[PDB]
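Same chain, two versions here, written out as structure tokens and called structure 1 and structure 2.
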Structure 1
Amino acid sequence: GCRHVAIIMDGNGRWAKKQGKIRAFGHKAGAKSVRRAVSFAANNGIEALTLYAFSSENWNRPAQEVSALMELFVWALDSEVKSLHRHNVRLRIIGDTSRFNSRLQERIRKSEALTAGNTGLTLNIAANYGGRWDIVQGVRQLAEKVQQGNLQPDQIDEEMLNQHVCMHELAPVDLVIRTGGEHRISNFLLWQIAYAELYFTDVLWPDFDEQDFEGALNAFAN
């Protein structure tokens, strides 16, 4: 029954600190664990996987370093997309991408467009996504319609707003996993998690493996 899993991937920083290593070491192992989770979901017929990695710690850096990290994100996408495409994965980015420069925005769009026809796992990667932002994005759309005289306030209902928030084309989120020990959603999905199972594990993201993913799926089944 588990069709759409969303994961808050916390623990790369603490993992690297436990290893006596710099944060970048944690993030390289974090990216290995991303690849492993995507492969496990695609090999087990999960229809959609939505991954959230954001921590303000990682981004509270001088502007030079922030632009640098943005380039590394798109490099990471560019360096994986041919593999994802060969495995029939549809890649989507959710979030506010208006902060990327034109060149990186076009690179993100190109990877989405390459894989958009694919019919296997849909992999949604959050980049500057917040659950309150996602709702507000939809609200501004409906507000524009009201202003244009094409929609009456009375006509706005849950199904309408749902069609304007991220991921409304996909199966509803069944299961949210958060690694790393904290027991909070931290303004990841909100509208979309109204009926999802919430599974919290103390395992740090770089250590979360196929066995840990199957235990999450068992909590759902139970």
Structure 2
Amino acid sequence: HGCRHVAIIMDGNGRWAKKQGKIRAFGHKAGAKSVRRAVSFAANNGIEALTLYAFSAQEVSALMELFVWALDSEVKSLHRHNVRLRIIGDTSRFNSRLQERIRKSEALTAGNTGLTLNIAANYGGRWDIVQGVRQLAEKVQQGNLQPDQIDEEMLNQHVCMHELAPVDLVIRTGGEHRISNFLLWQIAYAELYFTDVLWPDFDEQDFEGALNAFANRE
């Protein structure tokens, strides 16, 4: 398929549950179930990297804590499937507990030869670029880099997922046709694939539809 890195904006969980006459909890359950199925397909299909983003003030900060807490149960199962785990996003405003709980994770799986999975939490694409810019701002304040020296190639080394294959394909489920400030810098050349299917119903045959669409769109 000539597809190395896949990014998915997951969406439709709430909508999926409403149609079934169910409450959000039931949808998240079906969503998470869909997250496992998607990873699996990535591993079993030589995909190199898979980046996921769950699309939706105080609660938010809490919701991210439930996320880190749950992101503790599944880590073990991930190592066992030979998956390297990366967590992009603004994890700097997160307490020191969850952060170790993160590097522990990335540390542990760090050496797998399986798929590289990255999960966005408190991620922004403008912010992503910003914080890459802040790193260059520091080098300039130190006195080692001249403004006119900064080029695309340089800044690209400072944004999320620089060590990885560039994103070849972005898939958005749930019907909306917006990037909604997920990856910006990283998708300058990516194939954009939008589908009406709601996330919980997104499956292998749907992930195949997109890789075939990408492969054929060459």
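Whichever C-alpha set is largest while still superposing within 1.5 Å between the two forms counts as the rigid core. Counting starts at 1 and follows the sequence of structure 1.
- Residue shifts between structure 1 and structure 2, rigid core superposed: of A171, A194, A68, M160, the only C-alpha displaced by 2 Å or more belongs to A68.
- Once the rigid core is matched between structure 1 and structure 2, the CA atom of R109 is found 2.0 Å away.
- For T97, the Cα deviation between structure 1 and structure 2 after core superposition amounts to 0.9 Å.
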